[PDB]
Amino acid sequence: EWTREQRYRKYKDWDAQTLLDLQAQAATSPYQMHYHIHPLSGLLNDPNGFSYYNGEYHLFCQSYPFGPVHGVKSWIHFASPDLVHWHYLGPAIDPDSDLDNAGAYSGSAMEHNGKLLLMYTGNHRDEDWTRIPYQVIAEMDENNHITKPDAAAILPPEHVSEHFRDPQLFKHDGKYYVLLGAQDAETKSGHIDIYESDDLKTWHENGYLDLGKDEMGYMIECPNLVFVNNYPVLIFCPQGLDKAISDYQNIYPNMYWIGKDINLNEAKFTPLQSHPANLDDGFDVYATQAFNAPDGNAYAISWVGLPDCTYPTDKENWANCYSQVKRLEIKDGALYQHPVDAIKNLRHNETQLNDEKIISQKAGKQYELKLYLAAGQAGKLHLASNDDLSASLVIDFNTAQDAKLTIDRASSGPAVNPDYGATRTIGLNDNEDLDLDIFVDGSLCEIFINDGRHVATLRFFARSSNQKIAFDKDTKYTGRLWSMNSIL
């Protein structure tokens, strides 16, 4: 219902009273998250510039502050000591120049000679509203102040369409590389385009990374290369991916692909996995960004929200949030994702659990529930439930002969993008034990399965009084329930 004209009106054409009212409405929503990054107002999308710089972790965010829609985008900035306690540093990059006149689109951050380079796509729209994507390298100093150049680092080559964006800038084997999401103009196929530079001034196009003969959709958004336990891992968003390659149920998937080896000079990838896999088996994860931190870990964080989708909170004039930070690991040829050790510092009021059918009559809105469930069982765990278990988030489990987890949000509250289904299923090994580490925060749930072998992340909109946690049947398990303190 918001027209193009309304979405692209400049921030200076909105009044400040409207913005202050929107900040109040977002912060005081009964569906707001209070230990995950969320918008101060309006809509949040893709994580950007995820980095370590000047003694702390940095994270930037795609932002449209005036409503629950993809209006003209800016970067906002947060920092933290520990990947958990974030503090807001305000807007960072505005759509205020010719290069970015219709948005400061997504990008990355790389430390260089005591500064943090912020490489992003300028979403230019010309006199005729034709999109011309520019790749821009801005610079942030040790006081978090940003300067932007007058000229693009990379102009769009003739062989890509208008879709050519989301640069990842990094240093590898003494050279600089940029990975970009690209649509080939002739085939309309999705690719990761590689550029290289010795000096950050002149860029050479090495060409599309060779990901085999099968198409990766019609566009790749938010490509990332991170090294995890010495393996090159791609994390990327192939819009229109053929489900023959990999099943997924969300409108657009967020995949990962582990390589044995990558050669960015020759645009070669040697796959470890025969096929890419879903990063997240849940309902709402997109635009994951990852980076290699100086502690020797690779960290990722996800937009919880999908393009071209709607949510029940739209009428409250704000949208979406982030996942918690995930530390990455490769084990047994698969990507594992772990909560960072600092998130334990939010825990309070520990309860020990042993075989209790009702875990809590009323658990509050922010908790962590960690369970060890025996093999050979079937049943349902209800979270954010009413008393009679008819309205809840359901985790339907079987650890017996047809083992699997089905997460069902149909009865949890109002419908959420129901054209893409109200259930998500994760196969499990027959007759094996099951670990769950479940984080609830307002209208966000993150389920870490079998110590991070799988992660299911989703929005859900339960009535405020629906806080019960219970199994439907007597279940053999041990675990702990903690409240999680508000920090945001």
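Just count from 1 along the sequence shown to find any residue number.
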Seminar exercise, completed: Averaging the C-alpha temperature factors as deposited, the higher value of 143-151 versus 314-322 falls on 143-151
Problem set entry | Of 232-240 and 389-397, the one with larger mean CA B-factor | 389-397
Problem set entry | Member of 382, 191, 327, 348 with the greatest C-alpha B factor (per the PDB record) | 348
Exercise. Taking the Cα B-factors listed in the entry, which of 90, 271, 305, 122 comes out highest?
Worked result: 271
Problem set entry | residue 83 - which third its CA temperature factor falls in, relative to the rest of the chain | lowest
Seminar exercise, completed: residue 333: CA B-factor among chain residues, third -> highest
Exercise. How does residue 259 rank on Cα B-factor within its chain, lowest, middle or highest third?
Worked result: middle
For this session: Using the B-factors in the PDB entry, rank residue 101's C-alpha atom against the chain and give the third, lowest, middle or highest.
Result: middle
Problem set entry | Record-listed C-alpha B factor of residue 414: chain third | highest
